[PDB]
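Before any questions on how it binds or moves, here is one chain, the form deposited without the partner chain, in structure tokens.
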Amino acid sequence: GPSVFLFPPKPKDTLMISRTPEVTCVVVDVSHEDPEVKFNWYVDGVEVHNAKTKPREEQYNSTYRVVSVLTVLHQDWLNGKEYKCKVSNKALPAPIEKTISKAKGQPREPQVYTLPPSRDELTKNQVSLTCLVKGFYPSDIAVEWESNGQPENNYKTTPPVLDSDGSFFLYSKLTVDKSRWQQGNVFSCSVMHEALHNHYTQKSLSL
């Protein structure tokens, strides 16, 4: 009994035309008795025929895996067009269908706020710098840290929590050594979201 899994493009892939958003349809538990699989793709009902399906790979449980990837348009995804993957197999009484698209709802511009560290944390070895992004819809977002054009990598981004007013919020905490923050250095919190102008914004944070 095969099962089908569908995945959305990464949030950054759609916010800039420099990248290529894609939707991947994965089939697992492909029986050895009947390993033939056909992929039918549909976008808002009408069938599309520009899908690039890779040949099957046998897994270690003697079950094959077929993967079909369809490259989508940036504006089509941001306009909320449903993508449907149809998988047919001789071992399936009925074909399996999976649909995916952007979450419905009017886009909402996120608010970016940078918080200087608490006074209590000025005694410890390292100092936490926090960035608050709130009110953005949908949850597809990307937050990054850098200083003087150089990325910072000791940070963790929280999952988008559903706020009380139907919107989303999250926190991105950057961990830095004490000495760096004491020198009056400037750090920037970079946020990319579809409701922001040019799908990008940043705010500085210094002593």
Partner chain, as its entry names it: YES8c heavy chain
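Positions refer to the first chain, counted from 1. Only residues modelled in both forms are compared. Throughout, rigid core stands for the largest set of C-alpha atoms superposing within 1.5 Å between the two forms.
Absent from the display: the form deposited with the partner chain bound. The rest refers to it.
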query: Non-hydrogen atom contact residue 15 with the partner chain in the entry with it bound at 4.5 angstroms; finding: yes
query: Contact test in the entry with it bound: residue 200 vs the partner chain, heavy atoms, 4.5 Å; finding: yes
query: Residue contact check: residue 74 to the partner chain in the entry with it bound, 4.5 Å heavy atom; finding: yes
query: Non-hydrogen atom within 4.5 Å of the partner chain in the entry with it bound for each of 23, 69 and 97; finding: no
query: Candidates 158, 182, 62, 154 - which moves between this form and the one not shown, C-alpha at least 2 Å, core fixed; finding: 62
query: C-alpha of residue 139 off by 2 Å or more between this form and the one not shown on rigid core; finding: no
query: Per-residue C-alpha change between this form and the one not shown, residue 167, threshold 2 Å, rigid core fit; finding: no
query: Stretches between this form and the one not shown where the CA atoms of at least 3 consecutive shared residues shift 2 Å or more, core fixed; finding: 1-5, 24-71, 86-95
